[PDB]
C-alpha cells in the first residue's frame, strides 16, 4: 500500500467510529493522519506487547479531542485494543473514552482533553528522560535513551500553559522533545485570524526551540525530512510547523470548523471514501494493511535488544540496576517505612515550635537520603516554600540532579510534574504559596483523576502569613481541595503531624497529596503512642473527658493550639469537653464507621469547628446544631497576630462561641 493509503486507514476508522457514536471529533484525526503514519511507522520506538517497556519513546496527544487518532494508531500497530472497543467509542466502560485516559487503555501515556496540559506533560516526560539518563547511564551502558513526541493544535498554542512549559523546555535544552503543531487555521469560533495571529515560529525561536517552518502535513516525504532534521538537533526541543487541512478527505467539510467536533454524517462519509479512494466498509481493515501497520515483531526485537543491554548493565552495575528497576516500578525502599517511623517518633519525643513550612523542609531533609527518586521544585519560591535540602542539586546546573527551578509558572510546574510521575523513575514534589494553587488548579485535578503520586507543598496557608494581605491569604482554597475526588489534603498542626503527612504523601501510590503549611510557628501537642499512630487516620481524639462530651472541638493546622487552649479553659470550669485534631478530612472519611463514631460520636451534636478557612465547609462535621469559628470574608493586610484577633481567632472568642452554643442547646 502507499503511505497515503496506510494513513487513510486512520481517517476511515476515525470518521466511522465518530459516526457510530454519534459524537466526537473527526477533524484533527483526519488532518493529522499523514503525520501520524510517518511518526509511528518510521520513527516511534515502542513495543505493542509491552506498553510499560521502561525505555520506550513516549507519545502525547495534546489536542486530545482527536482521540480516535490515538485509538486508530494503537489498534493498527497491534496493542491490546480490539476493533470491538473502537465500535464502543464514547460508550460506558469502553477502553475508548471521548478523550484519552491513562490506565485502562493499553499505550495511552496520559489523560488529555484540557487543552495545553498534554504539551506540559510531554515536557515533564522529556525532563524525566534527560534526568534519568544523566543519573543512570554509564560508559558503554546507555540504558536510558528515548524521545518524547507531542501533537498539539491551535488551542494548546493559545493557552498560557504552553508559554510556561515551552519557555522552560527551551532553558533546559530538551533535545529529545519533538512537537508537531497541527497548523490548520481553524478553531471552534471559525478561521483563527480573528483571535490568533502570533508568528508562532518566531515565538518558539524566542524560547530557544529549533523550528521547522512550512511543512506540508499531507506529504510523507516532507514530514519525514522534518523529523530527521529535529532528531539531528540534539541541544534544543523542536517544533514542526505542519500545515494541514482539518477533516482532510471530506469534500464539503475539510478546512471548515464544521469538521472539528461533530460527526461528518453518513452522506459526507460516503463522499469522503470516494475522495480518499478508501473502499473498505466501516471497521473493516484487510490483512495486507494490518501487515504494514503492525509493530509486534519490530517492537519485540527492539525491547529484546534493550533487555540484553540492561542485563549487561546489571552485571557491571548491580546496585544501580536494582535501583533503576525499583524506581521505574514506583516501589519504595524496603527500609523506608521503619526509618520514617523512627523520624516521626523522634519528633514526638523532642518538641519544637516551628512553622509547618519548616517542618516540611525537615521532612525533605530526613527523606532525601532515602528517596533518590525525588525530583522536587518550587515556582520561584525556594526560600519561602523551603523546598531545598542539603542534597538538592538543580538540574539546570547538573543534569543528574534532583531539583527544578520552575520559575513563576504554577500551572506549568504542576502539569510538568504530572508528566514526571507518568514517566516512571521519580517521585515529584512541587510547591508554591497555597493561594497560587488557583493558577494550577486544573493540573491538580488532573493528578487526582490520573491517580498520580505527587506531593504538593503549599505554604503560607492562611491569614497567618500576615502583611501580604487578601490577594495572598487563602480562605476557601483548602475547602476546594477537600471536595476534589481522589485528592488527599493534610493541614498538620505541628512538626509531628507534618512528618506523618509527608510520609503519607510519598507512600500514596494512587493519587496526589497536598500539604497545607503555615508561615508562622506551630505548638507541638502531647501524644500517647496510640494518638501518634492515629494521626495517619486523618482525624483523632487529641484531648478528652470522662464520659460523653458535652462539647467537641474540631480543629486543624494552626488552630489546634487555640482549640486546646479553649478546651483547657472550659475543662477548668467543669465542662466535659473533647478536642479532635483533623489534619486530613479525606483520610478520616476513609476510616470505617466504628472508628469515625469513636471520634465524632453521633450522640454529641454540640460541635465547634475552628479553622482560619471558609466556614461553610465545616457543616459537613458540625451539622446544623453546632458552631464554626472560621473565615467568612477575604483577609486584610496587617501583622498576622492582629489579623487573628480581628477575625475572632482568640481563646476568649472560641470559649464564648462554645458557651453560647451550649446555652442554646440547654
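Residue numbers count along the first chain shown, from 1. In this text, rigid core is short for the largest set of C-alphas that superpose within 1.5 Å between two forms.
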Greatest C-alpha divergence in 6 other deposited structures of this protein once each structure is fitted on the rigid core, 586 to 594 or 152 to 160: 586 to 594
Quick one: higher average CA temperature factor, 148 to 156 or 300 to 308? 300 to 308
Taking the mean of the C-alpha B-factors per stretch from the entry, tell me the winner out of 99 to 107 and 414 to 422. 99 to 107
From 442, 528, 489, 131, can you pick the one with the highest C-alpha B factor in the entry? 528
Just the C-alpha B-factor column, please: which of 433, 89, 278, 196 has the biggest number? 278
Once the chain's modelled residues are ordered by C-alpha B factor and cut into thirds, is residue 616 in the lowest, middle or highest one? middle
Mind checking which third residue 41 falls in for C-alpha B-factor across the chain? highest
B-factor third for the C-alpha atom of residue 58 within its chain: middle
Check where residue 609 lands among this chain's C-alpha B-factors and tell me if it's the lowest, middle or highest third. lowest
Lowest, middle or highest third: which one holds residue 585 when the chain's residues are ordered by CA B-factor from the entry? lowest
